[PDB]
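A.B. asks: PDB entry and its sequence, pasted below:
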Amino acid sequence: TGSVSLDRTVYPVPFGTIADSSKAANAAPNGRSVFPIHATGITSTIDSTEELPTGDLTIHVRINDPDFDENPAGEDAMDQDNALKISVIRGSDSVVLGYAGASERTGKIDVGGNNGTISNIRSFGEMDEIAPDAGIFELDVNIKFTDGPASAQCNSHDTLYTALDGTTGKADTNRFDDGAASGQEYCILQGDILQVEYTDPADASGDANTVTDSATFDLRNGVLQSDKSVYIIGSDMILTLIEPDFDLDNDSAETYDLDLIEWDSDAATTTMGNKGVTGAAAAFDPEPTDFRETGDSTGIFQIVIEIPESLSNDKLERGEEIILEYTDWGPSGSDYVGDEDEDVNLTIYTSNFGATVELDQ
Amino acid sequence: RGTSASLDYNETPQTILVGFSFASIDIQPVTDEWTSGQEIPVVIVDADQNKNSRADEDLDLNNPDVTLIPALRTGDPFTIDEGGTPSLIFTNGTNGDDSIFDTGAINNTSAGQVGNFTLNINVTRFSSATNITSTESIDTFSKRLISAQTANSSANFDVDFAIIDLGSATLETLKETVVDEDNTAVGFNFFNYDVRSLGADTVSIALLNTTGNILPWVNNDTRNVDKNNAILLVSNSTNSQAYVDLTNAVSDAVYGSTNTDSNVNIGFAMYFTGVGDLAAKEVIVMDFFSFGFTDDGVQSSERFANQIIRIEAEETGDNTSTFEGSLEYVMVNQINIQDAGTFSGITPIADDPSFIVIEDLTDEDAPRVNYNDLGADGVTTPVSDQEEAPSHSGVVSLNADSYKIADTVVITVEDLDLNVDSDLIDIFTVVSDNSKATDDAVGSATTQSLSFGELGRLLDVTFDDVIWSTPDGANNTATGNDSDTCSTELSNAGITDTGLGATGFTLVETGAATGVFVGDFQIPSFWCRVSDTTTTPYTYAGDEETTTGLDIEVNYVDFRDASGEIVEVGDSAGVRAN
Amino acid sequence: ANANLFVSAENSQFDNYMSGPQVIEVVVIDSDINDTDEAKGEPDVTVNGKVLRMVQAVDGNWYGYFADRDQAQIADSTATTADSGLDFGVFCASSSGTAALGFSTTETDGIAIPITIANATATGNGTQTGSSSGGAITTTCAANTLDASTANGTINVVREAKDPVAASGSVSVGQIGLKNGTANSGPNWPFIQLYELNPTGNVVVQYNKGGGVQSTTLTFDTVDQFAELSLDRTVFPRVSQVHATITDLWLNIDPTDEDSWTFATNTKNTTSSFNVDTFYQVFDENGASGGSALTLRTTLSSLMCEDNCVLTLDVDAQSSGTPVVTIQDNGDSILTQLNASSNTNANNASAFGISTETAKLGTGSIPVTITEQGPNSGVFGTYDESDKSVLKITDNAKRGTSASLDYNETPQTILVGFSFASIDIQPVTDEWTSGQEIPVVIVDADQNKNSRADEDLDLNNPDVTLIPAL
């Protein structure tokens, strides 16, 4: 019997960039699927150098079919045509991402399987066996924030759809078999169910059989953490960020700009990154230079930061209130990325001790 | 299989059985981890390839008799069969003056390497007075093209041209592997070809692009549908085996046409001399290679390494079915990622080939070698083996917690991924170039600015968290509180160790394959502090200060951590004084 | 362990392999037939079953030289001028031995004699150059070709053949009937008998004598697995001689002579017309004029040279503007600093070249000459009998900077560095009283610049930079 499995029970909602929207440049997302820096990092307009890269999450599909393991100690590939179907469902409406198992070919996105002709559907190619004696085939497929059912909640962004066929146009028909309904745009919302369809050519009974695995899209709040509350100026700050939705790929550890966090104190207010004030990023000397995820399937991001003795042309004082605030853009109450702009901050104290002065006599 | 002949002597006939054997390709690392710069044997046991019991049989792509060769590939390299089954023909005649084979030359010039291909055909004296067609076959793993044709070897036979079309392949099927070197941050294109079976004195290869059919070919004087249809790659090479770096002209010409890439086909051309005899079977192997990364290059989507590797296994003994080979792999680092020599220095076709690894390929993506085989039953079942090539977290530390003046500090860097050859001693020099932002840093002069810092920055030594650099360039004119310049002050103090480059501090590997690099230098009494690191060349302070009491810190830039990404690690120490 | 038959290619170091245009010397050192005054017979020596004509020399040993026909023809195709390069002389048909050499040579595939042709007919005279594509030869040679020769001794692959036994009474020249017996300068001796051999196929040399035959097996295949290059040390001081030991079987073309090869190793001379090349017998083994230089870069492919017959040199791996390796004139070379301008010095390796062959070995190109350590050892060295290397580390070399030398496509790095010394005074007892000579021990690897000789410190020697003082 064939079986299909997914890496994670839940997956984060993908996010796009400014170039994926036809709206004019704005200092705020204005409901778009954009993940920019905290307001102080943007100068009146969000451009390509001040937002996170494209957030197409890469889901890996795995099947366990010993029938396709024809070679016990050799390479095997699932060559059955269109045996795997990847689709996204939101209630009563369904959209299919593509087909797998046949030869890789160019195609558009079908909605609800309305297109009878299968050659017009995008094909991801034949899945490759993970190990010569395993029998499990894995295919890596990325899902864009546009690859979802049409809805009116996503009209806030005049989305530009990347073409999946040979044409270079950015129109809706280039990526999807049919244009979106007037007043609605293709997108993925919170709570949407991601499902994988695999048709086994031969089960234990040697006939056709359909198996399914499901995952749910979700968005979670972000919370900072530190190993301790007080810090000596110039010491090492183990800044730990625990937030699930940044774990886009379970097979690798991604990196994200430190600019998402901001320095807020009496000395200065800066994003502590390359987009901050002059001489800022040097003061902390990040190691690594950006937020780095602890493990490929953990979702926790950590980075070593040094407490600056001076932020920008002025020193940092003892007992100063240190505020580390970052904007999630994806809180629990957000239907999608860029809907709610909730911010979360952390309080950090500096070392205070008695500076007693004594004389010999 | 199974049909046999009976040879009889002394009225005791012996039966000559024909047959096949179950093979088993195995990769045996010398230890429990296949780290970079470690040549490990590859053992292939296949009695089908042992066709002579009194001699040694060596596998060869150029030998049509050797039907099956093990192969390894990563990414999507552009082989000869990416567009399906190709069509190859042979032609005799003259190229003429309006041809890229004669007028063209390798000079990285648009006119020099890109032009038009024209020819005239005189095949009346040939059999049937027609172009020499052939039967084309492709191997599933080595991707070798085997050409079957009439085995005419008469003295009057003379053939010069050879035109081959890659089935339905187009510029779209080529741009997935061939990348634009001008637009990508880091990217190189390589062309590997093997035409040794032809036995030609000189070999010339050109790339053809046209919106119509390749067979039969046309001429400029006949039609003007295509503005340009010839891109010269190899011109009169004396070696049939060559792995040459393509010039930027080829990459520009690939993207140099404004027409639709899907509406124009691609063709491959051959011109050679001294091939007046053709065997029954001929083999043509010529693929495209590509390596590099785009933008920040931290995610796996922007890291690509398209190559195909074939192992030339050699028989162990005269009558031993065990064929022995070996695999080499170098893990690319931040220093050699911008140098085309390290990509061109690998051997694609040899008994001990080498290949590039861009990411800590483990689990399902581990480097896997493929080898077809005819089993004892008679099916062509494949046998494959894989070995993980993970990365390691570089650790750098100093021998002591505190150091005196001229205490001869030594830097010990243990990271097995920087070993790029098990034979040669791996070394890393220090950059001495004021113009580049990586001045006085270990690495290479070439450097690109990214989100993780400088590409050419490998290791730095810092006093008081300030990089130790020698005053140079036009930004060292500051004199400070006095009228003496920092460089002049250091010269007066007698400190010839004005910087990292002055000391000659370089990283040298402990052994051939140890993977641990040892470097050392003496701490100077006086050093020149850098006023600001935000400009190149660095602007130095006008007065020197004594290094005692300051904390000496090193920073080894690790291009690939244990998970296979950039992690900044260093060690700390203090310059003691009494 | 043969008793009488000795073959040049027989070598346990290189496992009896043979490759390229090598001429193989066959000597039969037999005490039973060593005398040269009696009308003795020719010993029965055959290779692969084909008889090999033997000539008795003044030393009482019978000599015979053979080589592959295709390889010999391909090599002679590069002999633009006579007595230069891999010149095998003039080829003739196997049936022409009786008319030319005076004795039958039917059982061979062609003979290469050092004659020259004055009437170059298309039928009655051999090929002075030979077909570049190889294959069988049908051109015949006759007595009139001998009588019309204007220069005898064009063969340059066998240069030290022994003098044939002079004719006297009942004994003919070589006891087999050579017309002219002048060795190394005549038209008959030496001459090579060509044979058809198969690459990767064994070659069996046979000597038939009473009481038991003696047979030697040689393998005729590419020998790249044995071509290796080694350096005497690992770290090299500022001025130390750079010694190269080239253990290559293929380079031993002449068995009876020490062989000299010249290479153009400049890997960064980006001139279009210049390419890395190899040359044969530019200089003699004594450093004299060895003849003209001829191209071999485009011919090595057909000469069984799989990445084992080319030399290229890298002088600055890091391209830091500090050259590391340079070249000099030696006793086995005639190198000349063409760029004698006072602005530059001996460190500019591109300033050196060869006057006679400036066309390809001119300024730049780094002309490098190597000579064999022995006539038939198959091991070549840059260093001469005076220990003066062809390569030096530059005196102004920056510490840490290294150069790499390339042979067999196996780079060899030439690092630059030093070692920690320790000078110690060890008295014979617990007190250093007057009139007691006590040893002084200095351990310094920097001053040990030669691994095959004794280095003595000297104030008068500028090379000895550092001397202890009190």
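C.D. replies: Ah, there it is. Numbering: from 1, shown residues only, chains lettered A, B, ... in the order given.

A.B. asks: What is the burial count for the residue of the stretch 101-250 of chain B found nearest chain C?
C.D. replies: Residue nearest to chain C within the stretch 101-250 of chain B: residue B:238 (4.3 Å; Cβ to the nearest Cβ). For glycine as for every other residue, the C-beta is placed from the backbone atoms N, C-alpha and C. Counted with other Cβ atoms under 10 Å in any protein chain shown, residues neighbouring residue B:238 total 16.

A.B. asks: burial of the closest residue in space to it that isn't next to it in sequence, as a residue count?
C.D. replies: Once flanking residues are discounted, residue B:238 sits nearest to residue C:298: 4.3 Å by Cβ to Cβ, 6 or more residues apart in numbering or on different chains. Neighbour count of residue C:298, defined by other Cβ under 10 Å: 16.

A.B. asks: near chain B, which residues of the stretch 251-361 of chain A show up?
C.D. replies: Selection of the stretch 251-361 of chain A residues close to chain B by Cβ under 8 Å from any Cβ of the partner chain yields A:251-255, A:257, A:274, A:278-279, A:282, A:285-290, A:292, A:295-296.

A.B. asks: and chain C, which of the residues you listed reach it?
C.D. replies: Of these, not one also sits near chain C (Cβ under 8 Å from any Cβ).

A.B. asks: Filter those down to just the buried residues.
C.D. replies: Buried by 16 or more other Cβ atoms under 10 Å in any protein chain shown: A:251-255, A:257, A:274, A:279, A:286-290, A:292, out of these.

A.B. asks: nearest to residue B:244, of the residues you listed?
C.D. replies: Nearest to residue B:244 among these is residue A:252, at 34.1 Å by Cβ to Cβ.

A.B. asks: and chain C, which of its residues are near chain B?
C.D. replies: With Cβ under 8 Å from any Cβ as the criterion, chain C meets chain B at residues C:133, C:200-201, C:272, C:297-298, C:301, C:317-320, C:398-402, C:410-413, C:415, C:417.

A.B. asks: and these, which are buried?
C.D. replies: Buried among the residues of chain C next to chain B (16+ other Cβ under 10 Å): C:297-298, C:301, C:317-318, C:320, C:398, C:400-402, C:411-413, C:415, C:417.

A.B. asks: out of the residues you listed, what pair is the most spread apart?
C.D. replies: Going by Cβ to Cβ, the pair spanning those furthest: C:298 and C:417, at 40.2 Å.

A.B. asks: Can you name the residues that contact residue A:12?
C.D. replies: A:57, A:217-219, A:244-248, A:330 (Cβ atoms under 8 Å, 6 or more residues apart in numbering or on different chains).

A.B. asks: Among the residues you listed, give me the pair with the biggest separation.
C.D. replies: Across these, no pair lies farther apart than A:217 and A:246, at 14.5 Å, counting by Cβ to Cβ.

A.B. asks: mind listing the helices in chain C by residue range?
C.D. replies: Ranges of helices within chain C are C:69-76, C:97-100, C:143-147, C:358-361, based on DSSP state H.

A.B. asks: Could you look over the ones you listed and pick the most buried one?
C.D. replies: Between the helices of chain C, helix C:69-76 has the highest mean count of neighbours, a mean of 26, where neighbours are mean count of other Cβ atoms under 10 Å in any protein chain shown.

A.B. asks: which strands and helices sit next to that helix?
C.D. replies: Identification of packing neighbours for helix C:69-76 by 3 or more Cβ pairs under 8 Å, 6 or more residues apart in numbering or on different chains; DSSP states H and E yields strand C:90-92, strand C:192-195.

A.B. asks: which one of these lies closest to chain A?
C.D. replies: Using Cβ to the nearest Cβ, these put strand C:192-195 closest to chain A, at 47.0 Å.

A.B. asks: Which strands border that closest one, and is each parallel or antiparallel?
C.D. replies: Partners of strand C:192-195 in the sheet, by DSSP bridges, are strand C:62-68 (parallel), strand C:111-113 (antiparallel).

A.B. asks: Quick one: distance of stretch B:146-163 to the chain centre.
C.D. replies: Its chain's C-alpha centre and that of stretch B:146-163 lie 33 Å apart, by Cα atoms, centre = their mean, to the nearest Å.

A.B. asks: Please apply the same query to stretch B:385-393.
C.D. replies: 19 Å.

A.B. asks: What lies in contact with that stretch?
C.D. replies: With Cβ under 8 Å, 6+ apart as the criterion, stretch B:385-393 contacts A:73, A:131-132, B:25-27, B:29, B:33-36, B:40, B:329, B:331, B:357, B:360-363, B:366-369, B:415-417, B:558, B:560-564, B:567, B:569.

A.B. asks: about what we covered before: among the strands paired with strand C:192-195, show me which one is buried the most.
C.D. replies: Ranked by mean neighbour count under mean count of other Cβ under 10 Å, those are led by strand C:111-113, which reaches a mean of 28.

A.B. asks: quick revisit: want to try JSON lines for the strands paired with strand C:192-195, with distance to residue C:426 as columns?
C.D. replies: JSON lines is the format used below for the strands paired with strand C:192-195 (distance: least, Cβ to Cβ, whole Å):
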{"stretch": "strand C:62-68", "distance to residue C:426": "61"}
{"stretch": "strand C:111-113", "distance to residue C:426": "68"}
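
A.B. asks: Out of the residues of the stretch 251-361 of chain A next to chain B, list just those in helices.
C.D. replies: residue A:282.

A.B. asks: And for the closest residue to residue B:114 other than its chain neighbours, the neighbour number?
C.D. replies: Spatial nearest neighbour of residue B:114, excluding adjacent residues (Cβ to Cβ, 6+ apart): residue B:253 at 4.6 Å. Residues lying near residue B:253 (other Cβ under 10 Å) number 20.

A.B. asks: Looks to me like residue B:253 is in a strand.
C.D. replies: No - checked against DSSP: H, G, I helix; E, B strand; the rest coil, residue B:253 lies outside a strand; its state is helix.

A.B. asks: quick one: residue C:227 and residue C:380 touch, right?
C.D. replies: No - counting by Cβ atoms under 8 Å, residue C:227 does not reach residue C:380; the two are 10.6 Å apart.

A.B. asks: Identify the contacts common to these two.
C.D. replies: C:246, C:248.

A.B. asks: OK, contacts around the residue in the stretch 151-300 of chain C that chain B sits nearest to?
C.D. replies: Of all residues in the stretch 151-300 of chain C, residue C:298 sits closest to chain B, at 4.3 Å by Cβ to the nearest Cβ. The contact partners of residue C:298, by Cβ under 8 Å, 6+ apart, come to B:201-202, B:238.

A.B. asks: Let's see that with 10 Å instead.
C.D. replies: B:201-202, B:236-239, C:78, C:275, C:277 (Cβ atoms under 10 Å, 6 or more residues apart in numbering or on different chains).

A.B. asks: Would you mind giving these as JSON lines with distance to residue B:451 added?
C.D. replies: Output for these, formatted as JSON lines (distance: Cβ to Cβ, whole Å):
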{"residue": "B:201", "distance to residue B:451": "52"}
{"residue": "B:202", "distance to residue B:451": "48"}
{"residue": "B:236", "distance to residue B:451": "46"}
{"residue": "B:237", "distance to residue B:451": "42"}
{"residue": "B:238", "distance to residue B:451": "46"}
{"residue": "B:239", "distance to residue B:451": "43"}
{"residue": "C:78", "distance to residue B:451": "57"}
{"residue": "C:275", "distance to residue B:451": "43"}
{"residue": "C:277", "distance to residue B:451": "48"}
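
A.B. asks: picking that back up, could you list which of the contacts of residue A:12 belong to strands?
C.D. replies: A:57, A:217-218 (DSSP state E).

A.B. asks: Looking at the residues you listed, which one is closest to chain C?
C.D. replies: Using Cβ to the nearest Cβ, the ones in strands among the contacts of residue A:12 come closest to chain C at residue A:57, 43.5 Å.
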